[PDB]
Structure formats: structure tokens, C-alpha cells
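Asker: so I've got this experimental structure, pasted below with the sequence.
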Amino acid sequence: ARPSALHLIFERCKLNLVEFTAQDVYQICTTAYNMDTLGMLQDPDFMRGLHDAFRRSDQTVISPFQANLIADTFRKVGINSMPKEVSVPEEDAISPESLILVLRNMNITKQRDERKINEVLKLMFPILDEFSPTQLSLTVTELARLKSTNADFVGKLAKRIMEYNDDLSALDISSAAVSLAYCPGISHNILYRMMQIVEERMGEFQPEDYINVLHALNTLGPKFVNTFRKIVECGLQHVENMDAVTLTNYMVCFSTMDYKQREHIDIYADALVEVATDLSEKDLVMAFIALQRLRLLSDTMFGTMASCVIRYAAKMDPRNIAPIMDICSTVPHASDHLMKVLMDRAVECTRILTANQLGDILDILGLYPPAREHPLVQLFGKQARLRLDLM
Amino acid sequence: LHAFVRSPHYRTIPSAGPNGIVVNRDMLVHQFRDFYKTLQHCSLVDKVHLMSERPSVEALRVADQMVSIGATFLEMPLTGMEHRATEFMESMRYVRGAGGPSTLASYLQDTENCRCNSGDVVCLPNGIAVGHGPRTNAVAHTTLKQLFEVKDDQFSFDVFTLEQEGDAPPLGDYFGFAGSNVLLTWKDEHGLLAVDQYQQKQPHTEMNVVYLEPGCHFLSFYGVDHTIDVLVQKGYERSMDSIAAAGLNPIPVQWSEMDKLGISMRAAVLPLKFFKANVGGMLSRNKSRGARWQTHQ
Amino acid sequence: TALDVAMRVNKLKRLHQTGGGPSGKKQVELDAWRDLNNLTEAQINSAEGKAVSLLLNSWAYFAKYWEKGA
Amino acid sequence: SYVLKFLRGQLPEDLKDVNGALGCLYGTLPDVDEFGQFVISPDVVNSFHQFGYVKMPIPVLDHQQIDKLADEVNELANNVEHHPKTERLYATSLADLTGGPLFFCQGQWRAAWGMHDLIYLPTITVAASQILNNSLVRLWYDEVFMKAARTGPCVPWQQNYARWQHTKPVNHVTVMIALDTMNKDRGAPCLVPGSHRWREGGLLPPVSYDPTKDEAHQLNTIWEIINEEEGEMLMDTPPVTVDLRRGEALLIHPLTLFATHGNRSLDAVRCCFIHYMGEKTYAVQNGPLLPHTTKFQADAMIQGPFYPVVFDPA
Amino acid sequence: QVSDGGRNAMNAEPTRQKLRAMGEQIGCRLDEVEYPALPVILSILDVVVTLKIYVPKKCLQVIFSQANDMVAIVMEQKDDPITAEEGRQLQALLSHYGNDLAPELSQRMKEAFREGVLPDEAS
Amino acid sequence: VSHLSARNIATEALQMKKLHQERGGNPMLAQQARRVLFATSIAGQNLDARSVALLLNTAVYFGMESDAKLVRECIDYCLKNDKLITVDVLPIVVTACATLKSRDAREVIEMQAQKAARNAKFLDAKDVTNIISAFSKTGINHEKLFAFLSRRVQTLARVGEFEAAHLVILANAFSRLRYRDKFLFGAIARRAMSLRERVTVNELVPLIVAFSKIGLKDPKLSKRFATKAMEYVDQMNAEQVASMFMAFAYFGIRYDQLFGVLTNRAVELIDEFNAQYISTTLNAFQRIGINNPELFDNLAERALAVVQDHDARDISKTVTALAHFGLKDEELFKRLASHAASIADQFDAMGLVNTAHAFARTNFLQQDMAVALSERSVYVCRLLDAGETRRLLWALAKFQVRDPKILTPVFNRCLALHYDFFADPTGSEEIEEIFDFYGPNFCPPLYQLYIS
RNA sequence: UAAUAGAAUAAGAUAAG
RNA sequence: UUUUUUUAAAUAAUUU
């Protein structure tokens, strides 16, 4: 129920008779998201008017994420909205902060544009000497997220960042390492020098620093195994009290680098399986694959990890059914209960599986004896006959 | 495993190759087509890439550009192959097209007087064998030992220097590994000498040695992924019999014209192992190569 | 105008948010009701965006505590 | 013929050739025995026959459908990347390639999806059949109006049938649908109650249009075409403005005096007029009724691909 | 365009000699021109080397002197697109013809590789 | 369908399109896919380049023009992120943009043409055929790109890296672009030779059709195609027999020993011929020039039964072929004239003038047909050649049409092309007929130009 | 006040210059 | 079955 004053305010908002700025729209959206007493999201004709005011306003005053939040709260109610693209600064407007803002808006609002990225890079080349140490790392991160191919500029930024080793902290070092590892074309000399920097300040690392360094090492590959060595020993004194996701990243790195020292691998796996119950679906799947690839799935190991994966098997992602099916085979252990619920889950989502996933699932289930007396064979036969065009 | 080959240029195929032996271009083209089909029929290779033709007949030797030492793609010094320099460029773009490395390591190029020829490096289990012959100087040996040689209990990589005479061919043309244990070598002076040297430098090790007829070119993809495919020349039946009796799968390949031009099967292919960068703590699916549900049946 | 009324209602809202005031929080809510109902057709037909947003925020916050919906 | 393999799924060049209605807005049309749900109350029909117009109680389209239909209008007046099938329109405000503060389009049901679907909407077509004495309903033509922000003009008093003099019998109805919230400050309709029975069902003389003048004078031109008694009933029942929501529709008699207000809001306002006619409708001359259409002769029954049958109570 | 096993296979080598000599005619007059960019030099020298065309030492000295200023501009200014592969080709060409021609360019280009100023073709 | 992500929407749209184009054109699937695509938006979600390309291609395939929201969003994505459109998804974008004729579509097509031109050396067997087909859909004149793609196709075909489907797709794509390369088509024909039994009847007829359409003027391969197809006639369908007739009418060489067998097979399947097959066979016999009354009687008798199935193209070709041979079928001509009067608005620029001239040449005048086509003639005058304008004017004069609203467009068109109007000797007689009816009074400037 | 990522896949006739 | 590929090119002429 809307009283006379509230009714008239709502009508003025609905009729586009009120000039709203971006800040006022943000305040109204925040109030709506916080308190639902007035039913703002339950009036389509009011939210549509607010969106119309949003389009015709100056969105540059608010931060990029504020515009993204307005767009998100308009999408949630059912309105197709998108924040406006920012223009490249011109003439006196070129400053490091204004150029970083363009990349930040492209990131947050998901409006990636290769042409404006190239223009911003060409504008930022001459004034690269005015950047503060933090802005260089911000630029490296923003360019890493946008999947930029200009590895030369990222290498220049990495050299300038690494010139300031003393100023940077552990978190900044780890973020720079992972961002550089994500860029494909970086010259290996810069990566070697950055990994040398990471090798020192090793004890200053926090769990997030460990996760970032492990992600960078996973992306880089076996050529940096020596650096990974300095990780494992450094993690040998803290393994008994470590996060589960950190141990999963450790196991993934062990699988990737093809580590040779089996004692450390056994120690890390034995510490992981103690807290393996705290892992999410994706982390548990990756840990299960990594343990299989290192020839470490004993009877207790497989039983303990399957007991944990059965919990997520009920509503498993389609991308996770095939892997655990592969791990269930090639091992001499009893996994009847796991395979039953996995086959049932595969039956449930037979109409959304892609051609590759359906073919993979059928390939693993081809030689399984209990899979013949199942509706899945007939349902998958019909689905494969339908999907032969996309195979 | 991606295998790169280049089509011959029919117009500029020499009328007679080294030693004045006459060659037939039509049979060369037919044999190259058969070789491409044989490479495609190999189960281990993921893809076979065919680069466009180039005027020089020397451009067919694609493996001369670089070598794969572990996870490092080392580029040979551009000392005696200046006229091939641009050709190498046209080959790297192909490697960039298939999702391979952005660029090769230039460790050998930077070093002074470091003559090395790809093909004197043999990828033995847990190490590499290099040949100290005319094609490779002591400087290249020292640089390779400084780079890839590591002595540790489990992180061990060995670089073996195998001396050879001046008239010897490249080590890869008569010395190699097959399967996981078999050693393929020629029953010639150089092959026996290399086998004896490798036995001397790696004692207390049991392995099988298989002797092929001299001049019988072979090609065997030895690496992490086990295989039994050993390509061999068609004429030599006894080499095929020996390889079959060693527990491998010989694949006879007609290689007359390329042999009479001095090019071998190893030098005509560029086998590179590509991977996909894993963003974050994410593992990538791998194709199966064994039996499933062994316990059940 | 309407901006001043919205600002003083926001001051009452902040006073209720922090504490209850010397006169009590229920009296604050009642005074907020009287102040909000004071708006006439003249002010609301010429209110800017900031005043409308402030009035909406104050009304939404005070609708939580009022026993009736309003 | 042979439709190429990559052209098998395409549509005709003009959507007139599309027999039936596409499933885009509300899916497919209901079955023959499923058309009784959209019937309107007899009091609505009595109110239409008494006042000369009536507002249907329920909105005819969901908000997502209204958004899509307004996107069609927004893309029908691009002026930069001109609309495909622009030549499939009877008239356009952008024929001069410049437009202005008022955009009007005609025959858009042959140009865009949704607009072609809106013709076959059961909710309005069943009501039009009930208005037309339960006969076959045939599309006469469409119209789309879009008034810009702070500068949109107003259409002065007019009678619809004054533009349809080449059709012999008065057997027409207008359905006006608001694609945006309207008010007296942005494009609301202003109709004269009981104005369809003034000159014995005749047509008032056309009004004098002098542009570039204030809205008050434009709406005050009424006192120049009426006579003394019509002045008296205008004194008794002054013109009334109908406020429309984001999807509400309004049935209008052809002979009812009708105008649209100007746009003084901060955003453009859009509306769609659809004209329907009954089965027993004839022409008066020899030639086409609309530009580039099928030509009839003498008192020829109006039918063809350009005037599809959208409802049949049999 | 000459085939060693065609209808006129016996005649092919004289044609190559004629082509080579008329290439020498142009190659002897290679000191008067002014090269605007490195690719022109890397194409002319590639043609000279591939066809085994003889070039006088004077023209070679002028050619290698011209590129020195350009690579020096690229290295020193660093603000202003010689990729790494082009630099490697230039180094190989200079090594093939002999480093006594331009002793400055050798050290300059070797230091350019060590520092890493020249970008890669992928970027 | 609300629970399905856009990545699943693209996959299901591709599945629906594949089922629609090949496994029968079911309107149920067409309208379901249109309804699903009409409520989709690439906004606020991160999508792959392949998913956006698939959404764009499947939307455009289902009749969705350039004014759509999804089409605009997909076109915008491609422009902003161009390097993300690798050679794997380049053909999808090009095929989607082929029918779209707008500024953004033109720019996208040009950018992808340059990308394919740069990377023509690095493609494999699938990519070359997909790219060349996608560019054969769109109308472009980038010869250099076509030459590079042809060089790559020859290089790949030397090692034998093309199947029969690849060969037919390549031949059709290159013949559509009118790219006459003797060596590329020789390599394709030799690849078919080497494939041997892997080329079946269903995959051999389109190859012959594509080789005939390009017109290489090579009698060495036409004889070989005739010999190879002479053993497959007994297996050939009616739609394949008609295409065989058309292809060997295109070739222009007379093979009596093959045409006799084709005629016998066509007579055997006379009950299966549609209007399209009859029109194609008649047009092929007109082009090649053989006069065979025995097959013509059966074809006319069959066409009398499928009159209601005749399209405007079929009517034009059948009437022209029957008029050329001097065959008198009063009932068939009456029915065809009435049908053409029924669907007069479906006639294109060439079909209308061809039908009018064919009906006027024979002493057959019908007011139902004449009035309809004369009225329709106004909209096609601006798309006609000088010779076509002369033919249309002569046919209109034979109909005794005097309406100025009809005659002004055609006289304007023939005045704008007066030099070519009066420079064709074969039409000279027609000229002295046209001015014999109208006289000097009608359009004096044309009469004065005729006098000079 | 607000930032976490996975998939690798090919349909095929326009009345020409 | 053996044809051919690799520039930054910028010099027309006009009352349209």
C-alpha cells in the first residue's frame, strides 16, 4: 500500500519527470537491495523508469563497480541493462589514473574492446615513467584479466615493477607473479627473474601468497620445477596446519611438475586427506584427479575420497561426471555405490550433455558390466542419434 | 605430439643429388605422400602439419631448426644456415599457429663459437646423448652441460659426450631408443663404437640392443608416451625382422629418393610436444591408452 | 522546498539508527511519520533527484519499524 | 525452386506473405475451441457504444513483451543504420532521411517481428470482433508514434474516418496500445465523450493546423469546428484525458473526436495504433486504397494479402 | 622458374649464370641508395645470399653502416619495430659476411639481445 | 528453458538448425527455435567466441534480420573482439554476415577476409573448405584471398587430404565465385580420380554440376565425366537425372550414347518428376539444342498434372522452352497463363520479361495473364538490360497495352540505354514492330533516336 | 564498501559476364 | 599432374 506522498513520488519516478543523477540511482538501488519494505523491485513500471533515468545520466561520476551493480540489480528484476562504455581520454585528460580507469571499467562491466585497449596502451607508452609502484601492478593485473596479447608492454611493466623490489610487499609480489604467469607471450628471462625474486622473501608468504605462487607455477609448467622445490621445502614445516585448498593446489603442482621426491608427495597427500572433507566440488575433483595421476590411490585413500565425493555426486556438475568415472576405473577398488549414483546423475542430465561429454561418458561406461542393465544405454543411444550431427 | 613436415617443390628438385646419383622427382613426391599418410596413420601423433612449399630442396630438412631437450625448445645457432634463416621464420609461425611455444630458447645462439647441429642429440631415458664430432664443438658441449646437467638423488639429468669420427653421420641417424628399453643402432663401425661408449658411460644398467643394417634409416618416437611404432626403410627386410623379434611394430616406408638426396626420415619431420596452459589449480583431461575395468573382466 | 524536509528526516533517521534519543525511538518514528506526511503536491512536483532518493531511503527505513506497512 | 541449404530457414522478404502468425511473443494461437477465454464483459461493449471509447480492464502484454515491442520501435527509427524492410512500409517519417521531433510509421506489421505478431493478438482481436457485431476481423493498417523528449509535438483534434473516405461503410475500430507510461504531460489520449453521434454519424470539418505554436492553442482549436449545440455538450462533458500504463489498450470508435497530448517528460514516448474492419466493407472508387497495394473495382469487397483475416467466429 | 629436369634441363645452368651476372650488375651499385627501414636491407641481403650474388666489400660496408644508426635509434630512444627475429637474421648476415665490416654493429646487436629491447613476433 | 545457460542455448540452436536444414524442414522446429532465439541476449555474461558465433549464425539462419537485438549484440562482439575470432570460428561469422547487408556486416566481412588472406598458409583440410564455402556465400571480389586459398587447396590436395564431401564443397564454392583456375579444378578432378570408389552417386552429380557451371572449355574431362556417370544412371534419382541433363547442357558437347540412356531413365521415372525437374530438363534441352518430341510429349503431359506446383521460375523456363521448340499445348499454356496471373508478384526481373516474351511470341493472348504481368512490369523496369527492355517493350506492344502509368517506366529505361537499345542487330525487326504500333506520337525522343 | 575462470566439434546447386 | 607465389608501390586528369 502506497500512501499519497509515496504514491506521488513513485508516479513522478515512473513518468521520467525527475532528473536523476548516477549517485541518486545508486542510492535508490542500494536501498532497494537492502530493504524491501516498499516493494521497489515488485513494480516493473518503477524499475523501468529508474533504468530509463540510468541510461540518460552521466555515469562517469560513479565508480565502475557502482554502474555494474546498477546493471546487475536491473538484470535481476528482468531488465536488460548495460553500463555505457567510457571514452578514451584525449588532449589534457591523459593521466595514469584516467587510463587505468578505462581498463578497470572494461574489466568490471564486461565490455572488453581490443581497439580501446590498443589505444590506451599507445597513450600509456610515453607517460610510463609517471606511474606509481601500485599503479604498475594494477595495470599488470588489468591487462592480465583482459587476455591482452601485447606481451611486450607487460614485459616492460614487469621490468619496472621488479626494479622496485624493496618497495613491494609479499601480496604485490605474488599478484605480479601470477599475473605475469597468466600472460602467454612474456619472455622467459623476465619470468626467471620474477621467480628468483619470489624465491627470496619465501618465509614472508601468507596462505594467499602460497595459493598465488602455486597458481603461477601451475600455469608456467615444469621448467620452473626448481622454484617449486623451494616451495615444497618451505611448506614442509607448516603442512600439519594448512588450508585444504592450498593442499589441493600443492597436489595439482606435484602432478604437473612430475615431482620425483616421493616422501614429500606422500606427506602432502596424507595431510590433505585429513581435511579433504572441507573441499568444494571443483577442488575435490581436481584433488581426486591429482591423486590418481601420482599413483597414490590406495584402499584407504580411495575409500576416504569417494566417501567425500558421494556427497556432491547427487547434484554433480556435468563437467565432473566423466572425470570421477575415469578415476573409478583403472583401479582395483570397490566403487559400486559411487558409480550407481554417478550413472543416475548422468541419466538425469542426458539432455544437456554436450557431444564430447556424452561420448566420454559412454566410452568409460562401455566395458562396465553393471551399465548394460540400465536405462542409460537406451537413453544415450537416442541422444547420440540426435547429436551425431554435432560430433 | 604434433609432427611438422614440408611438401617438396617439384620445379626445383635437383636432377642429381650428392655423389651424382640421379633421382626421380615423381617418385620423390609419391614417397613423400606415402610418408605423410604413414605419419597420419600413427596413433601417437595428435596432428600432422604440412607447411607450404619453398624453392630450395634444403628446406625439407625441417628438424634442423631446433631441438627438444626436456621441456626446453632450444634453437640451433644460425651459423651455417644463413640462407635458411627466413625459412626458419616461416616454420615458427606454424608452431605458433598450432598453439605451441611463442619462441625458442636462444641459449645456443648467444654463445660464441658454439657450433651445434640438431640431430647429434639423442634423448636417452633420464638424459641426453650428444656427439662430439665435426658438427658440434666443445663449447656447445660445455654450454649444454652447464644448462641441462644436474646431479641429484632424484632430480638427475645426464649429458653424455659420445665421440665420433669425421666421416660419421649425425648421431640421431644411427643411434636411438625404441619402446622403453630397446636400443636401435647400425651394425657399422660408428654404431658399435657409440653403443660401446654409452655402455661405458652408463654401467650397471640392463637394456636391449638391436642392430639394423647400415644405411637403413629409422624413426622412432621415444618419449613420455610409450609406443612401439618404428618406421623403417622398405628395402631392408632383416632390420624389420630384428625389430619385430625385439617386440616392436615395424612400419616399412619407401624412402629411396630422399635417401639418394641425403635426407633421412628423422630430419624430414619436426615432432614437438605441446601442452595447454592451466589457469589456476586446474587439471586438464588426458586421453586414455590402457584397459578399463581390468578387475571385473 | 523538499530537500530540507528530506535532510531533517534523514537526521531523525540517523538519530534512530544510532540510539533512541531523549524522547524515545517510538516518538522519533511518530515525528518521522508526521514530517513525511507533511509533503504537499507543490514540493513533490518540483523535487530534484537527491531529495526524492533521500525521502525514499528514509521511508523505506522507517517502514521496517512501523507496525503498519505504510 | 531450390532454396539454398543456408537459406532454408529464412523468412519472406515482406512479412505479409507469412500466412498466420509467427511464434515470437505469445507462442502460437490457441485452438478453435479455445478462443472463448478472451471474451470481454457486455458492460465493456455497452460503455464503448455509450462513450465512444473504452479502456480494457487488463493489460494486454507482459512487461518483457512490451520491452521487446518498444525495441522494435526504437530500431524502426534508427536514422543511422536504417531499418531493413523499410521499403515495406506504407509511409515513414524518415523518407526525408532527417526525421524530426515526431516519428510516425505505417504498415510496420510487414517489417518487424512482434509487430506482425501483435496483429493476431487474441486479447484485442476478440474484443474487436465483439465491437464489430461478431464478424470477421480484418486488419486495416498499423501506425506507430514516437515523440521525443521535451520537444515532442501534439496531434490536434481529428476523426479517424476522415482519412478513410475511400471505404464505403463505417465499419472500423481503433486499438491504441501504450508502449510506455503516459500522462497529460507525455502523449496521453484526449477524447470527447459521446462525440461519435453528433452530426448524425457524420464527419466534422477538418481542423486548421498551424505548426510552431503552443500546445494550448492547438488543443483549443476545437471551438472552431463545432456548432452551438456541440458547444453545449462540450460545456456539459468537457474532453477527458485517459492515463495509460505500460501495456494498457484503448478501443476507439472511428467517429470519436480524438487528440494526443505533447511530450514534456525527460524521455521519448511510444504508442501503437491498429485499425480493424469488419467483413462487410467495400470500396468506393477504382484503384488501390494504400500505396502499392491490390487494386479493387467499384464496390469491391476489401480482401487480400494486405488485409489479412485475424479472427473468425465460425 | 628454372627446372633442373625439364625439357631444357641442359640449358638451365647457363640461365642461372646469366641471372646471377645481371644480379651482380645491380649489386655493384648498392652504396648510392638510402635504406628507410630494416626490411629493405633484410630483403636485399637475403636475395644476395640466397642466389650467391657477389657484392663488393664497399657496398656491404655502407649497407651495414646504415642499419647501425637505425638499431642505435631503436635501442637508445626506446620511446618512438625491429622484432627479435629480424635482429637475429641481421646478426647471422653480419657473421656470414664477416664481423670486420662493421665492428660496432656486432657489439651493439649482441647487447640488444642481452638487454631484450627487441620485441617478439607474437607481440 | 530459463535454467539453460547461453552456452547451452547456442548448442541447442545449432542442433535445431542442423535438424532443420538436412533432416526435413519441419516448421515446428523452425518456430520453436525462433521463439527461443527471440528472447536471448548476450549481456552481463562472459561467453566464448564460438558461442557468440553460433548464436549469431543460428539466429541469422532462422530469418532474423540486422535490426534484431541478438544479431546486433553478436555483431558488436565480433567488432570489438576481433582476434578472438580464430580460423575455427571465422567461417561461422562470415556465413552469418553473408546475407546481412549493413555497414557493420561489411566491415566484419572485410576484416575476416583480410585475416583469412594473411593465414592462408596455415590452414588444414577442414579450414580451407569451410572458409572458402563461407566466402562463397557472401559476394566478395578479393581475388588475392581466393588465389591464396586455391594455392593452399592445391598444396593439400597433392598429398591426398580431401574426401568426396570436401571435394564437392570446394568445387561448388569455387564455381560460385566464378574463379576460373584450370589447375585448381584439374587437381580436384584428379583427387576424385584417386579417391575412386569413395565418390558415390550422391557425391558425383554435384561435382559434375560444379565443373560444368565454371565453364573450363576442356573436352578431356567432360568425356571422362560422361563415361564415369554412364554406369551410375540406373542408380540415379529423378532429381539427379535432371541435374545431369542440365550439367551436360552446360558443357555443350554432344554425347548421344549418354543422352539416350538419360532419356530412357527419365522416361522410366516420369511419374516422379516435379515441376522443377520438368523445367530443368526442358531448359537443358533448349540450351543443348536437341529436339526430341518423344520425351517432350511425356514431359508436357506430366507438367499438365503438376500445374499448381509450378513456381514463377518454373513457369518462365517451361513456357520459354515450349515456345522455342514450337510445341503447341493449348490446355497447358492456358493453365500456365492463369497460374502466372495468380502469382504475378513472385516474378523477378528476368522471369517476368522471359514469361511475357514467351507468351507473346506464340499467338497466345490472355487478358488475365497480360494485365497482371503488364501491371507488375512497373517494379522491374529499373533492373533490366537494354535488350531485356526491348524484349519487354515488344511483348507489351503485342498485348496492346496503352496505359501511360505502365509505358512511362519502360520508355524511360529504354531511353537511358538508347545506345545499346539501337545497337543490337538481332532485335532490329522487333524495333520496326514496336514503332509500328505506338507510332511517332508516343515518346517523340525515342522516335527521333530511331530515325537517326 | 564490494571482481575468480574449466569445455575444443566439417553440408553440398542463384537462367553470367 | 607439374603451372605458377615474397613491394611502403600513389605520375592518369578535370570542370562532373
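Answerer: Good, I have the coordinates. Numbers count the residues shown, from 1 in each chain, chains lettered A, B, ... in the order given.
Asker: alpha carbons only for contacts and neighbour counts from here, please
Answerer: Will do.
Asker: host element of residue 283?
Answerer: You didn't pick a chain, so chain A it is. In this assignment (DSSP states H and E), residue A:283 forms part of helix A:281-293.
Asker: sorry, I should have been clearer: chain F.
Answerer: Since the elements are taken from DSSP H and E, residue F:283 ends up inside helix F:275-288.
Asker: what of residue F:262?
Answerer: According to DSSP H and E, residue F:262 maps onto helix F:256-268.
Asker: please list the residues of chain E that sit near chain A.
Answerer: By C-alpha under 8 Å from any C-alpha of the partner chain, the residues of chain E that approach chain A are E:79, E:119-120, E:122-123.
Asker: residue B:244 falls within a helix, correct?
Answerer: Yes. With DSSP: H, G, I helix; E, B strand; the rest coil as the criterion, residue B:244 is located in a helix.
Asker: pretty sure it sits against residue B:250.
Answerer: Yes. Counting by C-alpha atoms under 8 Å, residue B:244 does reach residue B:250; the two are 6.3 Å apart.
Asker: these two: which is more packed in?
Answerer: In this view residue B:244 and residue B:250 are compared by other C-alpha atoms under 10 Å in any protein chain shown, and residue B:250 has more residues nearby, 21 against 15.
Asker: with adjacent residues omitted, what lies nearest to the more buried one?
Answerer: The shortest distance from residue B:250 to any residue that is not its chain neighbour, by C-alpha to C-alpha, 6 or more residues apart in numbering or on different chains, is 4.9 Å, and that residue is residue B:230.
Asker: partners of the strand or helix carrying that neighbour, with directions?
Answerer: Taking DSSP H and E as the definition, residue B:230 sits inside strand B:229-233. Sheet neighbours of strand B:229-233, with direction, are listed as strand B:218-220 (antiparallel), strand B:249-253 (parallel) (DSSP bridges).
Asker: ok, for residue F:35, nearest residue in space, not its chain neighbours?
Answerer: Taking C-alpha to C-alpha, 6+ apart, and ignoring the residues beside it in sequence, residue F:35 has residue D:24 as its nearest neighbour in space, at 4.6 Å.
Asker: do residue B:2 as well
Answerer: Excluding the flanking residues, the one nearest residue B:2 by C-alpha to C-alpha, 6+ apart is residue B:47, at 4.9 Å.
Asker: so, in contact with chain C or not, the helix or strand hosting residue A:71?
Answerer: According to DSSP H and E, residue A:71 maps onto helix A:64-77. No. Counting by C-alpha under 8 Å from any C-alpha, chain C has no neighbours in helix A:64-77; the shortest distance is 14.7 Å.
Asker: one step back: could you measure the residue nearest to residue B:2 against residue E:121, distance?
Answerer: Note on residue B:47: its distance to residue E:121, by C-alpha to C-alpha, to the nearest Å, is 24 Å.
Asker: ditto for residue D:30
Answerer: Note on residue D:30: its distance to residue E:121, by C-alpha to C-alpha, is 63 Å.
Asker: who has more neighbours out of the two?
Answerer: Neighbours of residue D:30 and residue E:121, each counted by other C-alpha under 10 Å, are more numerous for residue E:121; the result is 18 against 11.
Asker: on that earlier part again, in JSON lines: the residues of chain E next to chain A, plus neighbour count and secondary structure.
Answerer: Below are the residues of chain E next to chain A laid out as JSON lines (neighbours: other C-alpha atoms under 10 Å in any protein chain shown; DSSP: H, G, I helix; E, B strand; the rest coil):
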{"residue": "E:79", "neighbour count": "10", "secondary structure": "coil"}
{"residue": "E:119", "neighbour count": "20", "secondary structure": "coil"}
{"residue": "E:120", "neighbour count": "21", "secondary structure": "coil"}
{"residue": "E:122", "neighbour count": "17", "secondary structure": "coil"}
{"residue": "E:123", "neighbour count": "15", "secondary structure": "coil"}
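Asker: sorry, back to before: got the angle between the helix holding residue F:262 and helix F:275-288?
Answerer: Helix F:256-268 and helix F:275-288 meet at an angle of 160 degrees, taking axes from the mean of the first three to the mean of the last three C-alpha atoms, to 10 degrees as the criterion.
Asker: helix F:256-268 - contacts with which helices or strands?
Answerer: Packing contacts for helix F:256-268, counted by 3 or more C-alpha pairs under 8 Å, 6 or more residues apart in numbering or on different chains; DSSP states H and E, involve helix F:219-230, helix F:238-251, helix F:293-303.
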